[PDB]
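First the structure, in the form of structure tokens, and then the observations on it.
FYI the Cβ positions are ideal-geometry reconstructions off the backbone, even for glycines, and counts take in every protein chain you see. Where a number appears in this text, it was derived from the coordinates with a stated rule and is not lab data.
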Amino acid sequence: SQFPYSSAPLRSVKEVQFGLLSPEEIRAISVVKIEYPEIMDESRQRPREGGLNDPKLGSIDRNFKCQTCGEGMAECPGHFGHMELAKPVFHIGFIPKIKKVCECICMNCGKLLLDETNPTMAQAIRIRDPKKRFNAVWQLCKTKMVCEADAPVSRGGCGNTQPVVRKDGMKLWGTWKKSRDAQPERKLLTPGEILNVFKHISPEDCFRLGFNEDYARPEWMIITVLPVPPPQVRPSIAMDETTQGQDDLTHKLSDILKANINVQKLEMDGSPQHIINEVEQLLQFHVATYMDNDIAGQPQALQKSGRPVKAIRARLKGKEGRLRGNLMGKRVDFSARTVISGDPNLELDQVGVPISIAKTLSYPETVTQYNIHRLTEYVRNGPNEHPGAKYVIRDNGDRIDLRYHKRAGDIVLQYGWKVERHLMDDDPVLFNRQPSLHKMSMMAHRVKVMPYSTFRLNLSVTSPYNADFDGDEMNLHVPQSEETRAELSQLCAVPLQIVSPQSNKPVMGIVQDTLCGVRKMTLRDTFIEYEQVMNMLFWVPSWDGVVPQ
Amino acid sequence: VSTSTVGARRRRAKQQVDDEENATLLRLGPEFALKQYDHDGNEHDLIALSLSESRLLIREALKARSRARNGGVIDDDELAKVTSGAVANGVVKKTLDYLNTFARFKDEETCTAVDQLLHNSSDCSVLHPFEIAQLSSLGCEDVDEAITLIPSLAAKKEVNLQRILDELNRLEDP
Amino acid sequence: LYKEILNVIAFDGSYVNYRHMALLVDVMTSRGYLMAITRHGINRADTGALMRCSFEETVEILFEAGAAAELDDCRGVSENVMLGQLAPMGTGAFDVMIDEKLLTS
Amino acid sequence: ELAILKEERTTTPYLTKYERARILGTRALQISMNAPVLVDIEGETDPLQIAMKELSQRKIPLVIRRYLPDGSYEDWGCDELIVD
Amino acid sequence: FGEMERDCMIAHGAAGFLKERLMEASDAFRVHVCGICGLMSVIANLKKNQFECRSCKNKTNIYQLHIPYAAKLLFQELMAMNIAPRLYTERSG
Amino acid sequence: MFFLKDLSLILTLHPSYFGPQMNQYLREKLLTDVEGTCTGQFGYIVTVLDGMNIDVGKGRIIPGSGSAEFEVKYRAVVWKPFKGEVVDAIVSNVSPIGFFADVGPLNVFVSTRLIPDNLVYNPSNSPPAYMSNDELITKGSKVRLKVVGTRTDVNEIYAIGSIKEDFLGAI
Amino acid sequence: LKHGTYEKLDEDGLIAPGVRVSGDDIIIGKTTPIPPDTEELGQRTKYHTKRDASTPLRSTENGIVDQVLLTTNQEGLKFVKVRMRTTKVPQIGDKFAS
Amino acid sequence: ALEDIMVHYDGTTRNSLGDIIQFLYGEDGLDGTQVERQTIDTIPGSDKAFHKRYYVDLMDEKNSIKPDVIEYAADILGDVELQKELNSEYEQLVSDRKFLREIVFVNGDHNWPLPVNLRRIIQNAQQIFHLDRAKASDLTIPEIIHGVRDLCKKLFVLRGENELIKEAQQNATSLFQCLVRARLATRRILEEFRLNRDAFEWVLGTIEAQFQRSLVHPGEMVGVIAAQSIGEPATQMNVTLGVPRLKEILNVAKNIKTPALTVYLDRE
RNA sequence: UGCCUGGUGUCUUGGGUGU
Ligand SMILES: [Mg+2]
Ligand SMILES: [Zn+2]
Ligand SMILES: [Zn+2]
Ligand SMILES: [Zn+2]
């Protein structure tokens, strides 16, 4: 309900289909063509149209709306642009696979070196998994070193000898045994040659090789048009009050576009092959390092400060990468952290919460006819008096802040509204200590608001948490819904976790001076007078009011 | 908003020329293809409706709903007023006016005979349902006129077009 | 394998319930061969690409999935976690419908 | 097709703890959204407590759909599942 | 709310709490996907109430999803590297 | 052209309506939300057959929002014009740029460039009309026109007709 | 401008010693020039030419301004240092050790 | 490795692909928290002690049930059908002893974690119904035999009438049925525990209900629980042992640090 | 009648705290 209304139906993802992007699709989904290396028009606001900061790509400024969708910064997802490459270049992530495919097929007729006549080849084709199918087909066709123009009847081959391909950085060398020993020639396999060879692969051969005709076509592994991500992917940062800093991806895209312009200019004017080779190799290097800057066997691309460029591949790997650092585990709202202390006078499933933390955190309670009076009282009390409230949320989703409202007493609550009231007693909250070695390290307690600034625990629960009070800190997470509150109170509650499934024995017991005192108190020669017995009996909450003889 | 029983239709690479709507070429698109599926997934044919059949069905359904809403206890204006929604009321009023002012067959038995003639005929066993609906709707009088109005019937020269037209004119109430 | 694992665990007098080690050694030997608990053992399964890439070798797995046009059916728990959906686990292992028959009372 | 007939239902006849928790949460949310209550409320005001009271009396108007691994499912009414 | 806490929440079996922690109490986002191409290329204009996928040239078969903003960023970064992750709301077998 | 189609609708119900009369209420909600609407994919939905005996099935509770989602399948009468189709019409307005006709719920605009030249627009005539020696087409006059193009809008359809070929014009 | 209060600043944009400060209060007032907009159309000199770059006190801290130092850096520009003082009394949760 | 493993509604343990890891969780379908160390009484002891404890003879007077513990001791001696029933019970007990002693537990260990604590149930029944005093029981032997026999068929782990389902259900409760028959023998019930009728139906109902309560719940994410339960001890801990040996095991190293054999020689 | 403000870099590195 926090999102503006959209008439499109709301559904959930059921399948993720992977594949490569065809140049046709890249051109189709694009909204603008990027050609001018200058980021800024004239350093007078209004970034140059057709440049790397075109307003059609999306908006990252509060007062500027996207020129493509018309939505604000909070709603615009960003729109892609495309950059046409003067000469096709290798995709750095697919070079070994490109080499394998070149080994599997003939470089002239564009057909497989083996056919279903071979029983082993038919057996390999019979398998289902594309990766294992390709592995088997490569293991077979690797040995076959000559194309056959005749059946081993014409099989469709051209009879040419198949070259042997070797990898060297981003370049592939193909060595032909041209016609005992003679002079063989090894010549460079340019990306364009491989591309126009791959375009002639039949769909049946493509399927036999493990590629998919609809989604992953082999010639799409060579980049001919580059997609330019929106500024949302590469946001700029204001280093100081005046000068903002371009992102690493923006600088790399500027370098790539400059190289493209250089190649285009050189091609039309005059063509010394040495210069063409140098400039095209520079373009290949820039495109490769834009997506992977840890290519072993060659120096990395460096910034002007000397630090290596943060390629897109580096964004996704490691503890701090996308998957581990932002998707599997992320920072969350509605949480608190402070030092823990012990309280002998707390029930097992109770946690003592400071007043300031109780005021800061909140729980949105729906206004009904069972609690409208109490919620109106909370709204009147305001965000500084306990019990109180912080916000009132209407049905449409608008939030009314009670700090900046001059007419808080002039607010009437309608059924279905939400009041973000303060944290109160007996609210279930999840409580956690790191490292979370087992599932008893996260348990749900009941809130009890107390003075002073430390979380307070019954000392029996210090065993499952592996916690003591010499400076440890623990995390508290507040559920924000009725469903989540029910889950916490019915599944993770402390009483339900007393017996562990690891060794079918309790994880909580009497500990420390309570254990010492129950040993001392139950000795055979410990006798208690009447007046002390009365006090000791009154202390038991469950005592039934009958004193034993 | 409303979704057809036909789903999927994911991305491919081939592009076909039988995708654009065209009445003359009898290319009605995927959602109006000759083969359809019901709620049980069984085979189903495209169901066209002539103005006579459409008028009969709409009148029957509207009067059934009007009778049901009154506890099971004829005027087109009242029948339109039965429905809910001002825009819906206007739309049904316009459709009823069109059907009434161009109703070739206002009788159930005349429409039944016309449908029997246009379906059970040996020549009409190949006729597309859209062609049948157009023939029963436009009320053409001549073979040349029908062919000009309906280009599809030009390629179907195995049809007793003139005598069928005369039969329709006879069945048409003067 | 179970005997060796139990020998390692119980040397210092610790006790772990049988069913946990049984599950572990049934996972390690379910394919007909010993499946090591490493990337070379786990990532060489037929599980979804999104689930496999979340453990190790993320970018290489994603390229291999793209080139091979892998299809992920989003049945795992990691896939549903990273897409912000109700995982098919625990309280999400079923569906709740509305009983129009009972509401007639 | 995918639905399993009531006579051939082979899953457990008891309400598992996950099903109990989810049912209580959903019913509490629905009550908090002004759904009709099918039991008499003495002095209770907490939606979760009203949901628990409804569950104890077998008055929750919800159906559990248990998904088998092959895709077929069994529909169990919360009034016919045994609760501890 | 790191990975070990996520594993503890899985062990407890509380799927709703995990979904709420990772979506509502964090980066929740709404996107539109084409029902044909499966890409997040729909140019949606909510105020004018018109949705349109230029590549597939459709205006109807369009759905909206609630996904973490980090997931949207990951898919866009994948598209920046010529990898196309297509999200579909129905299974095919 | 009119057709019979099997359509489906997704209906979301708020928990406040979880009563014994849930099914009938869903039925009237479907009728109010489908009758008379205009979808570009299908055209115009005019009526729903068997409107009081539509199966609604079992609604699924949306996790986290409480509301139930119902899948309603029904059979309805749908009208949709097609490119290159000749249909009857009634002229609704006469203007120098052309005349507007009505084909059921659809309003069709025919420009002068698609009208035969002999049908010169006469503004002095009462009412003004596009008339020839033997033809006079004014407001309320039956016309037979061929639909050439259809324009798709959010919830509206715009069609363009022509009378420049044979067996067209006034009828 | 910052959401704090600027009423504790002196004429020179520096707070004076002996003044009690709370969280988010502004202890150093600094502005940076900005190219003026077309507001000179009809604004009676009340058009924004400068942008705020003030230094607020830390949100969780409060105390007494103890000593304010004003001098020039190596480059000849103004340069200030403000020292804040508070007393911390032991309470539940403070760490001690033998 | 173990995250996507979950107990499904048919009892099997499957991963996300649907592949079966186990056909029944823990090979008995129970929850890890609902088991306790119990002694199976038919395993230990000499043959004479076993015979003395479990055999009942209705022909010899001094080898029969004591007359002061049962009201109907007069019309018991000399009955042949009741002796047939007792002989069937004793043969079942001997078969259980052989199965446990020769197949399952060869080394004779009889203290194993099993569901529903029987000793606690019996002493609860004794406290509830005041089973003290020298009063004679009114519990006939056929009631004991038929009640225990019927109870051993209501411990449902798997529902269904399929023959393979019935075979799996019978397999899943073999050890527990052996425990129950070891405890609820005729002689032990009439003499050692001195239960009356009402205590007997109470014990049977309680056993059935507790067993139903001790099963595993579909939707358990048992893979994560197992991974945590194995990794938790490792944080608090001539042959290789400890973390290096665990690392060798998990990696499936080809060349371990200290390879060894345990060659056993022939009896002579 | 003179009428009230929410908006906060990034990247490295170091030293620490609880297990
Ligand atoms: Mg400590
Ligand atoms: Zn935009
Ligand atoms: Zn060749
Ligand atoms: Zn699309």
Notebook entry, point to check: Hey, got the average number of other protein chain Cβ atoms within 10 angstrom for residues in D:43-50?
Noted result: 3
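Nearest 5 is fine: what % of DSSP beta bridges in the protein assembly as shown come out antiparallel, could you say?
90 percent
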Note to self: So if each residue of separation counts as 0.36 nm, and I subtract the Cα-Cα distance between A:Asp292 and A:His405, what length gain in nm does that give?
What the structure shows: 35.4 nm
Check: Order of A:115-128, A:280-293 by packing, highest average Cβ count within 10 Å first?
Finding: A:280-293, A:115-128
Next item on the list: Report, to the nearest 10°, how far helix F:22-34 tilts away from the longest principal axis of the Cα atoms in chain F, using its own Cα long axis and a range of 0 to 90°.
Entry: 20 degrees
Check: Rounded to the nearest 0.05, what FRET efficiency is calculated for A:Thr120 and H:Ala253 with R0 set to 41 Å and r the Cβ-Cβ distance?
Finding: 0.75
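Counting only DSSP beta bridges with both residues in chain H, tell me the antiparallel percent, nearest 5. Mind showing how you got there, number by number?
Working: 10 of 11 bridges.
Of all bridge pairs located within chain H, approximately 90 percent are antiparallel.
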Next item on the list: Rank-order A:224-232, G:2-10 by packing density, defined as the average count of other C-beta atoms within 10 Å over each peptide's residues, highest first.
Entry: A:224-232, G:2-10
Next item on the list: Rounded to whole Å and sorted largest first, list the principal axis extents of the Cα atoms in the protein assembly as shown.
Entry: 132, 103, 101
Checklist line | Magnitude of the charge dipole, chain H, Cβ model with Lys/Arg +1 and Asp/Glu -1, debye to 20 | finding: 840 debye
Checklist line | Two-site label geometry, A:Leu188 and H:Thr235: point separation in nm, points 7 Å out along Cα→Cβ | finding: 5.6 nm
Item checked: Using distinct alpha-carbon pairs, which all enter the 1/r mean, Kirkwood radius of chain E in Å -> 15.2 Å
Checklist line | Zero-based 10 Å bins, Cα pair distances in segment B:1-48, whole percents | finding: 20, 48, 31, 1
Notebook entry, point to check: Please state the Cα pair-distance histogram of chain B with 5 angstrom bins from zero: what percent is in each bin?
Noted result: 1, 7, 13, 15, 16, 16, 14, 10, 6, 2, 1, 0
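Please compute the average number of Cβ atoms from other chains found within 10 Å of each residue's Cβ in peptide A:286-297.
Neighbouring Cβ atoms belonging to other protein chains average 1 per residue here.
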Notebook entry, point to check: What number comes out for the charge environment of E:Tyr69, summing +1 per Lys or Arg and -1 per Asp or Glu over other residues with Cβ under 14 Å away?
Noted result: 0
Check: Put +1 on the Cβ of each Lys and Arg and -1 on the Cβ of each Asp and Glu in chain A; which of A:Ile400, A:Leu172, A:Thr250 then has its Cα farthest toward the positive end of the dipole?
Finding: A:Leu172
Check: Cβ under 12 Å from A:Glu204's Cβ, A:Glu204 left aside: what net charge do those residues give with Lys, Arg +1 and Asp, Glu -1?
Finding: -2
Checklist line | Value of D in µm² per second that Stokes-Einstein yields for chain A, Kirkwood Rh from Cα pairs, at 4 °C (1.567 mPa s) | finding: 42 µm²/s
Next item on the list: Please work out the C-alpha center-to-center distance from segment A:84-163 to segment A:282-360 and express it in whole Å.
Entry: 43 Å
Note to self: Debye calculation, C-alpha points only, no solvent: report log10 I(q)/I(0) for chain F at q = 0.10, 0.12 Å⁻¹, in the same order as the q values.
What the structure shows: -0.53, -0.66
Notebook entry, point to check: B:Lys94: which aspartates and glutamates have alpha carbons under 19 Å from its alpha carbon, excluding same-chain residues fewer than 8 sequence positions away?
Noted result: B:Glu53, B:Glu60, B:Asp75, B:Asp76, B:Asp77, B:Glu78, F:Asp33, F:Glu35, F:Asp88, F:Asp102, F:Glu156
Note to self: Within segment D:8-22, list the residues whose amide N lies under 12 Å from a label point set 7 Å along Cα→Cβ of C:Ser105.
What the structure shows: none
Item checked: Rg/Rh ratio calculated on Cα atoms of chain C (Kirkwood radius) -> 1.14
Checklist line | 5 Å-binned pair-distance histogram of chain G (Cα, whole percent) | finding: 2, 10, 16, 17, 14, 12, 10, 7, 5, 2, 1, 1, 1, 0, 0
Notebook entry, point to check: Under the definition of Cα pairs under 8 Å and six or more residues apart, what whole-number percent is the relative contact order of segment A:8-97?
Noted result: 23 percent
Item checked: Virtual paramagnetic centre 7 Å along Cα→Cβ of H:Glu192, amide N under 17 Å, in segment H:40-59 -> H:40-57
Notebook entry, point to check: How would you rank H:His130, A:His438, B:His128, going from fewest to most other Cβ atoms within 10 Å of each one's own Cβ?
Noted result: H:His130, B:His128, A:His438
Check: Which order do peptides G:74-85, H:113-124, A:502-513 fall in by mean Cβ count within 10 Å, highest first?
Finding: H:113-124, A:502-513, G:74-85
Check: Which value results when the Cα radius of gyration for segment F:83-171 is divided by 2.2 N^0.38 Å?
Finding: 1.02
Notebook entry, point to check: From the cross-link list E:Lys57/F:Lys146; E:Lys19/F:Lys29; A:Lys56/E:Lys47; A:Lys304/E:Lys72; G:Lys2/G:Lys46, which pairs have alpha carbons spaced over 21 Å apart?
Noted result: E:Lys57/F:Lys146; E:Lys19/F:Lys29; A:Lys304/E:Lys72
Notebook entry, point to check: How big is the shadow of the Cα convex hull of segment F:1-82, averaged over all directions, in nm²?
Noted result: 5.8 nm²
Checklist line | Distance violations [Cα-Cα > 19 Å] among A:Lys167/A:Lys265; H:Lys84/H:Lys153; A:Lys359/A:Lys390; A:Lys65/E:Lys48 | finding: A:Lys167/A:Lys265; H:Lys84/H:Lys153
Item checked: Charge dipole magnitude, Cβ of K and R +1, D and E -1 - chain A, Cα centre, debye nearest 20 -> 1660 debye
Notebook entry, point to check: What average number of partner chain Cβ atoms lie no more than 10 Å from the Cβ of the residues making up E:55-68?
Noted result: 6
Margin query: Net charge around F:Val91, counting only other residues with Cβ within less than 10 Å of its Cβ (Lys, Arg = +1; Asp, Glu = -1)?
Written below: +1
